[PDB]
Ligand SMILES: CC(=O)N[C@H]1[C@H]([C@H](O)[C@H](O)CO)O[C@@](O)(C(=O)O)C[C@@H]1O
Ligand SMILES: CC(=O)N[C@H]1[C@H]([C@H](O)[C@H](O)CO)O[C@@](O)(C(=O)O)C[C@@H]1O
Ligand SMILES: CC(=O)N[C@H]1[C@H]([C@H](O)[C@H](O)CO)O[C@@](O)(C(=O)O)C[C@@H]1O
Ligand SMILES: CC(=O)N[C@H]1[C@H]([C@H](O)[C@H](O)CO)O[C@@](O)(C(=O)O)C[C@@H]1O
Ligand SMILES: *[C@@H]1O[C@H](CO)[C@@H](O)[C@H](O)[C@H]1NC(C)=O
Ligand SMILES: *[C@@H]1O[C@H](CO)[C@@H](O)[C@H](O)[C@H]1NC(C)=O
Ligand SMILES: *[C@@H]1O[C@H](CO)[C@@H](O)[C@H](O)[C@H]1NC(C)=O
Ligand SMILES: *[C@@H]1O[C@H](CO)[C@@H](O)[C@H](O)[C@H]1NC(C)=O
Ligand SMILES: [Ca+2]
Ligand SMILES: [Ca+2]
Ligand SMILES: [Ca+2]
Ligand SMILES: [Ca+2]
Ligand SMILES: [Ca+2]
């Protein structure tokens, strides 16, 4: 058959550069003739030959008559959709995979696994699809909005790993990982460590032995929960990132959180999903991260890197590597993903750039992509170009 | 060349869950830019890799100018169309297969067979297409709206099997089954038993030896005619389902038809096509059924199951298995179908949810899908989200 | 490689039946959201696995602002376009093959040959394309609107044959045939016989040795020029059809043309392209033909057949085989084509049903298809369902 | 896996003829229902089976609300897009490859290489994509709008070759050539000779040993810089074309620049990218060129040819070969490209026909194609048919 995917060494390069903007609402004017779907939580996942751009639609287009409710996060209508990356996600270009108000997907080398959560808040349900077939489900364990990554899951040798979580958005949400093979859950992994609130993990392969994830703590801290999952033993441990460059939003000033690495610090309530991707070299690992320019608002997006070290213990500041989105522009969720070149993997970060005009109008998003590309420094930023009044 | 398809054991699971909603008129607003087709009698059929979503269109779109007459069932413009399941059935996404006002389709492992009926009411005509080619026809034998299933036909080792019927919607309509191989009728099967009125059969494989169908009696009863068709001898027998949980609409109260399993009972006149799909386990057979929540109107849809036994002799109540559509939402035709996973088949029930505003406006339908996945209880219902005034 | 196509015996059957209507302008209302292309001269040609529906577009859609000039036949904008048969020919569904105001195309088993004529009236040019590549041209020989079939060319063992003509529409237009192999003209065939005016031939295979064509005489007669082209010797002879059932429009009353078979008769000025297709049986050949219901106007369409005999000498009336389009509806150009089933060929006739509101509004066409299908008699007619005011 | 592509001898033919018009704004009327993209710098490149039609979009459609700024050349929204040749480039038909305000692409027999330039004017960046993956970048070396061909790059045995340039549009812009293999730059080529200003080179293979390019000098002359690049030694030399038929716009009268082939002459300032394609015969080489009909404005387009000789030393007038676009119609950039027939290559010239209404309205372009086919003289010209007021 095709063989299973494994993480490979990253393609050569040392800086990210602006790759691609998908801005569907550049075609959504009342006087235009297009039907871009109203979405949020976009992410990209790639198989050997193509990438798919996923998002959770509100099952409504612009221009249209169903803008009310598109700023809510969960309802009976939201669906996980995709287009081939490079296509504009319209009503006719998109594929509707399953009813879901939280999602993930990934390719294992042979087929696409799609993951969607729906159901009532107190009793939601993870549903897994392998290709066309619905293959398995997993139930709410803490009865308070069972939910998942909003970014790609990760497969090695046919085994795919997925973060799920359940619990209060302003209290305890202890995550678990599911190990999924051909669409069926073959193991539950219960993490150890600093486990009181971990959600929306952005995960990737640090090597063939370790998946690492930079997650969101929506309750207690502006430091990101950082997971290290050993794939050989199927065990996970979580501790907060110690870097003084706090990656959440909102957050206090860099380096202002006093005390040991594990200290929670101030301005911990609230959060945002954060970009994280690995650059695997023969003797060095680069960890690339994105955070908003604003410490309190979803505005702007800049890139940081650090090579080697241990995220759990290094207090050192990360190295600023370029402004991807200016302060002037929306910088909402961000995520990592890798494109498969012929012999090596290309690390990328994608940025959700939400068009927010409040509850009174439509609420949707463009997706900007920056990838590791050549050398030098990052040269240009992204704007959506959308005027929400048209 | 490809192997012929056979029924396989069903994938593991014990409950159905909400899978997917195709709601094309969420995009039909007069201020939007899309062209969802106006349709009724949707159904889905799957081949080894892909499923198609079929329906009978009135050859008109919303927004548009041809709404008048879209609440009629037969005319010279209706056509059988399909799209790949998960796509939206618009003017450009759809393929028009043949002129037809009653239809069916199925894949035999190698090619699609498409069936459509058209012609004048008193002398209509079954037409069969195998791939791109028109291959055969079957004539009216009762000269009173020759018609067929409005759901998937069923193929085993290249032989595909199809219910047709002809006769008065208010009296006698004896059905027949056609055995079709590579688009040509190779055998006609004349059933035995209770044959006074059988139409709109929803059929599936109980095993490699038997096809069973839950059908509609539009004239005499609210119990469903239940066909057992022996594929090895090509013989069929029909008797009424004996369960007190009457599956037709309209219907009397459950358990109220006194007398032997064959008693017709009250409120027999009228009917609806009903969902039915098999869960074939190694030692046992689950028969899954759907019926409207209202006893008299096409509103709501509930799921029921019974393991093993004989539908013709068992008076036992079917086990209520969850609300798919609440009573506030339309619940019109339902149908069963199976998705082919790698090693096993996934049973699903699809629900036609008609937007009915009467004859003064457009008349069309959303399709909701529920499939067997995981364990537990069915968790969430389906709404169309459509406002017919927009 | 794939092997070359040859005509095979026709699939079993004895009557035609309504197969499919493509009516693009059912979606062209000013308040709808679609873009059907404005076309005329549709025809269908099929390869082993699929059929393409071709037409000459005016490079304009409905609704739109370029309706002026769409009732003219030749200009700098007209293009040969196609869609897969079954798709609606819109701006986004269509492929634009080449600039052309007269066309033909056919598949040889390995690739599509597309043929288009354009250039000034006094000096037009046949251009041939094989797949994507432009491969050859042929020049005007009588300098007065060099033109071709408006229907499929015909390939046997890799050699494709095409009628072209040039000359006065109301005088002499002596046709020639080109023999084309992999897109290049390898022979010119100059017909013998009754050669003064032959245009718009509808041609098909009577056997592996003979192509026959029923053509239009726009100047001298209402009898159709009937070509017999011997494929083994590459010679052609033309004589008028002798049947008293005159197939052109306009025409006198059947059987009113006195004198020998070759007599021209009255009402010969004007003409229409006519449907003709072969049903090849082991010991018998059926010639199926279509003509308008009206003797003088492009209204209605009925089917006729005759088995065996010699068209050049049989004065006998053809047998009426059904009304495909009532007198009430447009019946403009018609054409034959064959769909390839697995082991046999299916003969079909397609009918151009032009929406004519005069020079003041848009002018375009729907395409109706009738194919040999089963037995009995033809049961239903086709309407476009279009209101030209919307 | 597939063989690498090499140039082959051209298909037989001695004249170019009108092939195809892609005029997307024939569908852009405010009362229509389509979304043609706003674009400039179209070009076409072909692989063994298919050609793509590329362009640089302003990420806006007609009808729409983002016309302001579509007459500017560089900004943060322009993207390189393509569709399959023959399709219309709308929002939904197109694929967005990468953010870019200057581009090129070519197929090497195995995969597509896509090149785009973006970044700030003083520090822009070549980015290269091979298939789906971003693989390499090249930095600005003169810090003054690094930019590239706006037409196909050229590959031979896996090595693809690309002109880039950087420097003042009013002064010195020394070009360089990049040798790219599987998306990565493996050699930089620094030309010799007359190097003061070369940009927008249109390049093709004169043979397996030499790539030649006719380029634009925006500063000093109306004669075109002509590159001869030796693929075996990877060296290049540039000298001005000596023909009296000056191919740039603006230009003085033909033959008016007195002095040796290197004299710059008058009206050197300004320029236009010009069409150029090779016809490689067994014993001889045809060089086909296009230039505007007006000497000063981008109006009309005429075809010229010269067989053999040396472009650097030959003062001879080129042979006028027909009017492709009359003086009444726009004639802006032109480019050469080759279509792969089964055994030989078909040379073609494409013409950008811009709809220019000034900065107060939309600014976009039709693409007209002429290719070598048959013998005789070029017969018909191309009009866009677009009314910019609709
Ligand atoms: C499943 C779900 O509701 N997810 C939502 C999450 C959660 O509210 C928080 O992660 C707290 O758990 O946050 C979003 O609100 C947000 O910040 O933009 C969007 C997302 O849809
Ligand atoms: C071929 C045909 O007309 N079928 C129609 C059937 C028949 O009327 C009944 O089955 C009685 O035979 O019922 C429908 O009316 C209905 O209940 O919604 C829809 C369907 O189109
Ligand atoms: C190439 C060309 O102009 N063809 C046109 C022909 C010729 O006028 C006649 O065949 C006489 O030669 O007739 C049509 O007019 C017609 O009757 O509907 C349509 C077609 O486009
Ligand atoms: C990268 C870039 O800006 N290219 C632009 C070039 C340059 O201005 C000139 O070649 C001088 O370098 O010219 C155009 O202006 C022109 O003449 O139509 C269009 C093109 O977009
Ligand atoms: C991972 O393992 C596979 C073999 O199992 C190997 O080909 C690949 O290069 C390894 N990747 C890394 C990053 O070590
Ligand atoms: C039906 O028969 C085929 C082989 O003929 C077998 O592979 C399949 O598993 C059988 N299905 C059932 C339900 O037993
Ligand atoms: C035509 O010839 C081929 C072999 O050359 C044969 O297979 C085919 O059946 C023949 N068709 C007819 C109608 O005789
Ligand atoms: C170029 O070389 C290839 C093999 O390397 C050959 O097949 C091809 O015909 C040559 N082309 C020309 C123009 O000579
Ligand atoms: Ca936080
Ligand atoms: Ca579309
Ligand atoms: Ca009933
Ligand atoms: Ca005539
Ligand atoms: Ca110049």
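Neighbour counts run over all protein chains shown; Cβ positions are idealised from the backbone, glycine included. Bear in mind these aren't lab numbers, they're just calculated from the coordinates by the rules spelled out.
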Separation of the residue D:72 and residue B:68 label points, Cα + 7 Å toward Cβ, nm: 5.3
For chain A, built as a Gaussian network whose Cα springs stay under 10 Å, the top-fluctuating residue of A:21, A:240, A:372: A:21
Exam field: residue C:375 pseudo-label spacings to other copies (7 Å along Cα-Cβ), nanometres: 5.8, 5.9, 8.2
Rounded if a/c under 1.5, otherwise prolate or oblate - the range A:52-139, Cα gyration tensor axes: oblate
7 Å along Cα→Cβ, label-point gaps from residue B:30 to other copies, nm, shortest first: 1.4, 1.5, 2.0
GNM flexibility winner over chain D from D:212, D:232, D:200 (Cα, springs under 10 Å): D:232
Test item: D:82-94 mean partner chain Cβ contacts at 10 Å: 5
Using a 7 Å Cα-to-Cβ projection, residue B:316 label spacings across copies, nm, ascending: 7.0, 7.0, 9.8
Relative counts (whole %) of C-alpha pair distances in chain D, using bins that are 20 Å wide: 30, 63, 7
Gap separating the Cα centres of the range D:1-76 and the range C:160-180, nearest whole Å: 35
Averaged over C:21-33, number of beta-carbon atoms from partner chains that fall within 10 Å: 6
The range A:80-197: antiparallel DSSP beta bridges as a percent of all, rounded to 5: 95
Euclidean distance of C-alpha centroids, the range A:206-278 and the range D:98-132, integer Å: 36
Exercise: per-residue mean of other protein chain Cβ atoms within 10 Å, C:367-378: 4
Per-selection Kirkwood Rh - the protein assembly as shown (Cα, Å, 1 d.p.): 34.9
Footprinting exposure proxy for B:127, B:49 (fewest neighbouring C-beta atoms within 10 Å first): B:49, B:127
Chain D, relative contact order [Cα under 8 Å, separation at least 6], %: 18
Residue closest to axis [chain C; rotation mapping onto D; Cβ; Å]: C:33, 4
Förster radius 60 Å - calculated FRET efficiency between residue B:317 and residue A:310, Cβ distance, rounded to 0.05: 0.45
Pairwise label distance in nanometres, residue C:181 with residue A:84, each label 7 Å out on the Cα-Cβ vector: 3.7
